[PDB]
Each structure stands twice: as structure tokens, then as C-alpha cells.
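From first to last, the protein sequence lines are chains C and P. Residue 8 in the entry's author numbering sits at position 8 of the first sequence, and the numbers go up by one each step. Numbered by the entry's author numbering, the letters in the second sequence go through residues 103 to 448, 465 to 844 in order.
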Amino acid sequence: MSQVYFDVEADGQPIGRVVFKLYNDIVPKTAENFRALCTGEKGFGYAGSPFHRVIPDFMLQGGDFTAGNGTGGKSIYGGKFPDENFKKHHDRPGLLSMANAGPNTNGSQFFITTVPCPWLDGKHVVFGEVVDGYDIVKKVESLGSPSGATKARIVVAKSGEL
Amino acid sequence: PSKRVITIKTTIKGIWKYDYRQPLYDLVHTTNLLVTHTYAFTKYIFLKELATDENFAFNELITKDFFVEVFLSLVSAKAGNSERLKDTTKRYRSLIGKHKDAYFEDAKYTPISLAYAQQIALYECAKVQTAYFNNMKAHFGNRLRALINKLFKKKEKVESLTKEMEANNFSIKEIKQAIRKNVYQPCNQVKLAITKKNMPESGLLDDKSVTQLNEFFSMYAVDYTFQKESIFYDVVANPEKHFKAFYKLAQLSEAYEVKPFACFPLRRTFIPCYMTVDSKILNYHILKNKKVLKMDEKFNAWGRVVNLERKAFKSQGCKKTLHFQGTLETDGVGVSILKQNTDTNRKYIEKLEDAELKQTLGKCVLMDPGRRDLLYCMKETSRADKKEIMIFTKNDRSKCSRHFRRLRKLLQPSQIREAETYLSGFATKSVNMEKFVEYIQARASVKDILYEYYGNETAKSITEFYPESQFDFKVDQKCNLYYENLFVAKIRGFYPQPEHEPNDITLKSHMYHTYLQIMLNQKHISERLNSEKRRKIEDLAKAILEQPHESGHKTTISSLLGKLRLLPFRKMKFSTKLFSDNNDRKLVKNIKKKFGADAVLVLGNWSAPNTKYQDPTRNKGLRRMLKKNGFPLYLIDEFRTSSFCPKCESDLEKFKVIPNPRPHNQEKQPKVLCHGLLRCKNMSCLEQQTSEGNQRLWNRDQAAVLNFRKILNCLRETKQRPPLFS
DNA sequence: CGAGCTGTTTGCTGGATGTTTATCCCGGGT
DNA sequence: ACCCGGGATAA
RNA sequence: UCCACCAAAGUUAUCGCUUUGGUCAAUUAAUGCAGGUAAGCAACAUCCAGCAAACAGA
Ligand SMILES: [Mg+2]
Ligand SMILES: [Zn+2]
């Protein structure tokens, strides 16, 4: 299971790092796409992508590296790919899953859950967990607003694989 | 070698340099205005003279030279060398100035200062002359025949004779024979008499009709004789001597309350139309140059405005012999580039041969052209299980047209619709002086607002077309963001959301700021907003961030953005052509995929005349496009092809009753007989279970194509049409 | 082929003809 | 004297 | 005043029929096809006669 890390900077000041554990064996294609975006193998990735939608106590979202507002993003396999599987569910906080605009509309955007989301089971593919830096995740969440607007410019300054 | 010309379409924004965009726009508008007046004023002159005196020499004034003077009279410029004018030019200018002041007063028009208007006037006046000649040559004979029928009182005589004979209990066949003997034959005699300029024999027409005929013939010269003894042939041979007569014909048509027809071509579209641009026009109007541009510097001048190295402007055609010659046509949004090879310096399947018919074995595609189903296509090898059937419907082609029509209907301002309704109270095709003057005044009273609305793409917009209107964003099921009806972008991360109905109400309005920020970053939205408006919108967005719950900021933003609700009519018109081309190519690709690349097409002989309660059809354009793509196309008669059951050659009937297909007519006419489903009269027609008969049911198009296949097989076997379908 | 009487704007379909470039010189200014 | 428009004509 | 395409069934080569599965560039964006990066192809303005939508009047 590949592990990846993001460096989060608010208003140009680093605030911490978050370490993720990927379900490579359970969800191969989605995990591979996420790893490629993290490492920027294909010339594009989450590097510099902003967290355009953070809802406190509910979720953080990001991964839009072409528009920074949720209307962009693309996968290595193309614009979008079909849902792979739902062998994992939003059962515990800290789960990393793919954001989509409906069935078979997965792209590059991802979201991290801060509370259980049983109602989202079967709708969004869950493909990772947060193993370290969850305090940094809470710190980022504290900068969010109920409407999703961020109190400060939060971006993934750097990304990589451990 | 012969001369051929090709046109390449494109958009101004894609090839036109930004710094020179504004000079072009105004020019277009100016030209359009002049052209519009160049029509109306011209008519305003003729109707003025013809009503003033019947001896007026109207025929000689239908020329490009007179139209050029008419066009120039609407443009104010410094006086030239008057003594160098020709006698014809002097007479034309005097005639124009006779009514110049009256026309300006009636139309509330002022001359537009436009230097170097010679070339534009020449081109537009050549177009006007061509339009006049084409209209007359096309419709003079038909309108003359209609007038002759009206003069003979054919309808009244036929009705009276039919009623009289029915009162006497005459058989319908005898009634028709008597009508032919007593009505149609004298009418043909009158037609023959009029065609040769000779008055009809006494008793065929009453005194009033004879007087009207004499008045009509007084238009022509007394000694003038129609070429080859036929007026209809002389009109084509020597059109210039009939124009005045045509006008009189129109009046006679209006004498008997016949539906008015446009005798004088006019430009009435408020949307700016295409105008021709050449090297001189570009040099003197767009580039604002002040010196003569020679042919050697021809392409250099264009290079300063457009990139001649693009795909559109490069060589094209066989051996790349079709080169661009510095001539374009543009209407402010779209552009057409003309290429030419020379310098500017001045069948039925039943009648096919044996080999031709037998070479199509296993490749013919039988098509049934319908109204709603444009093409129902079936291949020879089609069977009950191997259903090699294709359907190209009217909906597929009309998607974009219906979408644009609905959008225009929904986005039409109240002022625009009211102005159109008011302007519709005055007829335009009528040749009456008073009616035309009233129409001119009515158009002048509403021309400004209509031009502003339809010219919103490049013209100044001031009027508030949507007062007291608040616009709120919405998201559809497909996560597409629309302001009210304007597409913004697809939100790919919209579905992830928490439990609905949060505690704080103001978040719903706060999402408005996020939607506005997403919208304002779009190119097609940012380009439509000027710097000052964008600054004000950003300030209002900041204020909304300060006080999201306040609706005043939202109302102000809606008022500012009301410009975005104006439709780009010219852009939609341009996109319609692309949509039509894409539909044609998609149909060709589908035909080749389903029926193979070397498929042979057999189309029905139905002509599809334009009928009331029915939308137009591409019957002729469809065949032309199919032939242009290389498909071998042949025509097969549809006589009794859709009336007999293929399984047993028995007649079919319309049995099922269904609610009205059109929902709006259900309340008035709820239920009607079905049209696409039929049942056979054999009453077994199948291995029926005998429970309720269960007659074999056939789709009308499927039965028609099966009968076409039967006819084709019979032709192949015996080279003769089937006796049943003969 | 298939569905139930007038005017404008739009558009969709159909029919007809074209798709510029030198040269002169008078008004006006310096 | 010498030049800068800009209308008007014509193939 | 409404209807984008491809398939299964009621069903029998069954409708502007109904019930299901699959597809989506949504568009008030842009010269359109394809080739994968080269290299080829594609008639347009005006006017007029009809027909459809909105409105208003017979
Ligand atoms: Mg037919
Ligand atoms: Zn039968």
C-alpha cells in the first residue's frame, strides 16, 4: 500500500503535513491515478491545487489543478473514468475518497472526511485513509466555513510519495 | 478554364486583430443602415413618382447607377467636381433630391458622415439590382396568371355553375365537363389573348375588366411587341421593359383584395447583415489609411489585420489553385472568405439499364421519406430477426433550431415584443403610397430600440430590458451551473454535500458569492463585461461577503449583469450552419456504418411540397447532400407502396385511436386515428392464437420499405414494375 | 404526406445572379 | 510652385 | 407550443405507445470532418415565394 504526503501552506506559510495510506490492492486504478497526480508523473498534479471547499466538521475537498474552483481537473486515463468498486465505505473519519458529479464521473478531485458518512456509501469511491498529520487536517478544517469558503488561501504546495 | 469560387466560414474573434475590431463593427452597422434606407428610400421614390404621374419613365431607373446615387444621397461628404458629372448622374441626383427632404422628414433620418463610400455603394447597389431582376423574372408570370384568373372571375363562375347544375341534379362528371366547356376553355382563350397583347373577344370579360386590361397594357409602349409572341418569354428575354408593368400588376392584385406580395425588394431585418469588404474598403475604413493602396500592397494591408498564414486563408482546392483574392463578407460576428482561381482584374430506378440495375445487387438501401421521420432506411438483407433498420428523425436535425427558438421566446423583453406587435400593424409588401409611408413612420418610431436590442453584440446598450428583475444561480441534475438560463460551467465536485437543511439560513445566500466567483472567471462571461462593470461587480461581491443576507447587493448585481441576458443572435445564426453541417456528416457516417461504405441508396419519389401545419423539409437538399457525398441515389415511385400488406398484398387500414400527438391540441381535439400503425384486412395474416383475431400489425414505413424491396426484386427479375404497384 | 384568415421579428427550405481595381483633377494649404 | 485629400468615372 | 442517440420486452418487422438498460460538450463556447503531433477535404451574401413559434387583430 503506497503512502503519499502533501505539504499545506496557508497564505504562503506552511502549516503542516498530511500522510495518506492508499488502498492499492483493493482499488488499483483509483489509487494509481491518485499517486500519479501526487507525484506529477504526467506533467500535472495536485502541486499548487487549492482546497476550494472545506466544510467544518464535515469534509475537506481539493485536487482541482486546472481551475481551483471545482469546475476543473482531469484523470490520467482521460477526462473521467467509471466507478471502480465500493469495497470500502465511509465508516470512520479521516477517509480519503474521490469526488464526482454522479455515477461514473470520477476525476482528479478528492475529499477527506472528518465524520462518518454512511449516506455517501455506494456513491463515492473510498480509496484511502489518513495515517499521520490528522492534526494538520483539523487545523485546515478550522479555516473552513459552513458554505465551503476558506478563511485563507490553502494550497498543496508540494506532494510526493513516501 | 471556367471560373469557380469557394467560401470558407469563420468568426471575427478567431482571426481579426483586437485593435481593429471596433472600426469594423461600426462600419458594418453604418453600412446596414444605409442599405436599409437604400431600399426604402428607393421605393419611396418610385411610389412617389408613379402615383404623381402615370407617364413617369420608371423602367429606365432600374439600374445599378441610379441605386448608387440613391445610396450616396444618404451619406454626407464634401462636394466634388460637379462639372465632371454625367447627364445621367445629374438626372438621377435631381430626382433623388426632389424627395430627399420628404423622405428624411418621414423617416426621421439624418445623413451619416462616411467618407470613401463609393465601393460599398457599388457592391450594395449591384446586389439590389440583382435582387430586383431575380424577383421580377421569377414572379412576374405567376402574378400575371393569378391576376388573369381573378379578372375572369373564375372562382365565382365555377361556384355559380356548380350550384346551378347541382340544383338541377346533374351528375358530378357532367358538372365537371360542363364547367370545363363553359369556364376553363374561355379562361384559356382569355389567357391566350392576353399572352399575345391582344384584347380578348367581346363577351369574355366585362367593361371594368377590359378597362383594367387597357390600363395595364398602357404601361408598355404602343408599338412594342413581345419577343416570340409570348409575354412570359419576353419577360425573361427583355425584363427591363416590364418593371413598370409589374408595379401596375401589383396594384391590380390589390384591387381585388388579393394577398399583397413584395413587388419591390426591401431589407427589413434589424440584425445587421453581411457586407462585402475588399482591399480599398479595408484600407480606407478599417485601417483608416489616407493613401491609395495598389495591387502589389494588396496582401500587406490584410496582413496587418488578419493572419493570412492560418488554415482559412491558405491555398485550397485541386492542385491548390484556388487562392485568396482579398475579398471577405462579414456581418460583425461571422466572416466568409472567398477563394477563386482567376484574378479580379476586369434517375429513376425503374428506367435504369440492365447492367446498372444488376450492379446494385445486395447494396440497395430503401428509404421512406416522412414528415416526422425524415429517413426510414432498410437494407435488402433485413429480416424479422436481422433488423437492419435506421431512423433519422426530424428531432435530431431540429434539436438546435428548437433550442434557439425556445431561448429567444423566453428571453424576449417586453419592450421588444410590444414594439414588434405595434410595428406589425402596418403592411410592408403593399405598394400603396400611404401604407408604405405609414410603415416608414412606424419603423422610424421604434427602429432605435430594436436596433439596440438586436445589435447588442457590438452596439451600445443603455435601455433596461429587464427592470426589477433578480437573477439567482441554480444547478441542474447534471451539475451544470446556470445563472437563470445562461450556461456557466460543469461543477464536477458538486454532489459531495453534508446533511441538508443546515441551521444557518444565510449560507444559502452565501453560496451566491461562490457561484458568482465561479461565473466571473469564464472567458465568455468576462469578455462581455467591461472594466468598470467588472470592478463594480467585484465590489458588490465584497459587500455581499460583508452582508450576505442583504438583497440590495444581489439586485444591483442583477441590474449590472442584465447585459449578459441579451442573446448573440448573429452567433446563434452562425452556429446553426455548423450544427447543420455536423448533422449532415453524422447522417452520412451513420449510413456508411450501418449499411456499409459502398451502400446504394434508393429514395422515395415523394416531393414533399410545403404544406400548412407542417414544418419544412430537406427533400431536395437531402438528395443534393447525399449525392455530394458520393452515395449512388435513385428514385422509386411510391404508388400504392404504403397501402398493401407485404405479407399477403392485402390492403391496410388505420385502426388504432390515440390521443392527439401534439399536446397543445389535446384539449381541443383529444383523440385521433393513428397514422404509423396499420392492420391487415386478410384477418388471419399470421399464426394467430384465435383469442381476439390478432391481425398482423405493420409499421407504415416498414411496410413501405418492404414494398420498395418487392418492386426492386420484380424489376431485377423481369425489368418491369409489379402489376399490383403499377 | 398527414393534419386542422390578415400584419412584424425570427428561422428553415427553395430559386436566381455575383464574389475590384486604375485614373483624373479640383478644393485647399504652405 | 508643390503637395494632401476625396469625389467621380470607367473596364 | 413539448420530443438527443443505441438496445430489450408488452409484440406479431407494433405506433410522436408504454416499461426498462446504456451513452452526453452541458453550452448565449468555436470556421466543421478525420490524422493523432505534420500532410487533405468543405460555397457564401443578398433578395424573393412558401411553411413553424411568439404577439395582435378578423
Ligand atoms: Mg413513402
Ligand atoms: Zn396481411
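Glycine included, each C-beta is placed from N, C-alpha and C at the ideal position.
Membership of P:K275 in any beta strand (DSSP E) is not indicated; the residue belongs instead to the alpha helix (DSSP H) covering 274-281. Put simply, the CB of C:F81 is far from chain P, with every gap to its CB atoms at 9 angstroms or more.
When secondary structure is reduced to three states using DSSP, C:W119 falls in the helix class. In chain order, the residues with a C-beta atom nearer than 5 angstroms to some heavy atom of ligand 1 are P:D486, P:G722, P:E756, P:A822. Judged by their CB atoms, P:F160 and P:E151 are nearer to each other than the 9 angstroms cut-off. For a Cβ distance threshold of 8 angstroms, residue set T71, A101 of chain C lies close to P:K608, ordered along the chain. At least one heavy atom of ligand 2 lies closer than 8 angstroms to the C-beta of P:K799. Between P:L625 and chain C, the shortest Cβ-Cβ separation is below 9 angstroms. Contact annotation: C:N106 and C:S142 have beta-carbon atoms that are not nearer than 9 angstroms. For P:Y613, the nearest CB of chain C lies under 9 angstroms from its own CB, placing it at the interface with that chain. Ligand 2 has no heavy atom closer than 8 angstroms to the beta-carbon of P:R827.
Under the 9 angstroms criterion on CB atoms, P:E668 is classed as non-interfacial with respect to chain C.
The C-beta separation of P:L395 from P:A403 comes to about 6 angstroms, placing the pair in contact by the 8 angstroms criterion.
As the crow flies, the alpha-carbon of P:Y349 is around 56 angstroms from that of P:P764. Inside the segment 643-671 of chain P, DSSP marks whole alpha helix (DSSP H) runs of 4 or more residues at positions 649-664, from first to last along the chain. Per DSSP, P:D702 is one residue of the alpha helix (DSSP H) stretching across 687-713.
Selection P:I108, P:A821, P:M637 evaluated against P:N443 yields P:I108 as nearest (Cα-Cα).
When Cβ-Cβ separations below 9 angstroms define contact, C:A149 makes contact with chain P. Under the Cβ distance rule, P:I534 does not count among the residues neighbouring chain C, no pair being separated by less than 9 angstroms. Excluding the 5 residues flanking it on each side, P:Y633 has same chain C-beta neighbours closer than 6 angstroms at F591, in chain order. For P:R736, the three-state secondary structure derived from DSSP is coil. Per DSSP, the beta-bridge partners of P:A607 are P:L599. By the criterion of a C-beta distance shorter than 7 angstroms, P:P362 is surrounded in its chain by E356, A545, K547, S548, once the five residues flanking it on both sides are discounted. With respect to P:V285, P:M301 sits apart: the two C-beta atoms are not nearer than 9 angstroms. Distance between P:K119 and P:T113, taken at the CA atoms: about 12 angstroms. Put simply, the backbone Cα of C:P146 is about 34 angstroms away from that of C:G43. Annotation: the continuous alpha helix (DSSP H) that includes P:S532 extends over 532-541. The C-alpha of P:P341 lies about 15 angstroms from the C-alpha of P:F366. Relative to ligand 2, the beta carbon of P:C482 is positioned no closer than 8 angstroms to any heavy atom. The way I'd put it, the segment 603-610 of chain P doesn't touch the segment 569-581 of chain P; fewer than three beta-carbon pairs between them come closer than 8 angstroms. Looking at P:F328, P:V177, P:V483, the one whose alpha-carbon comes closest to that of P:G199 is P:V177.
Not a single C-beta of chain P is nearer than 9 angstroms to the C-beta of C:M1. Minimum Cα-Cα distance from P:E156 among the listed residues P:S381, P:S320, P:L129 corresponds to P:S320. With fewer than 16 other Cβ atoms inside 10 Å of its own Cβ, P:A204 counts as exposed. Under the three-state reduction of DSSP, C:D57 is assigned to coil, being neither helix nor strand. At a cut-off of 9 angstroms, the C-beta of P:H628 has a neighbouring C-beta in chain C.
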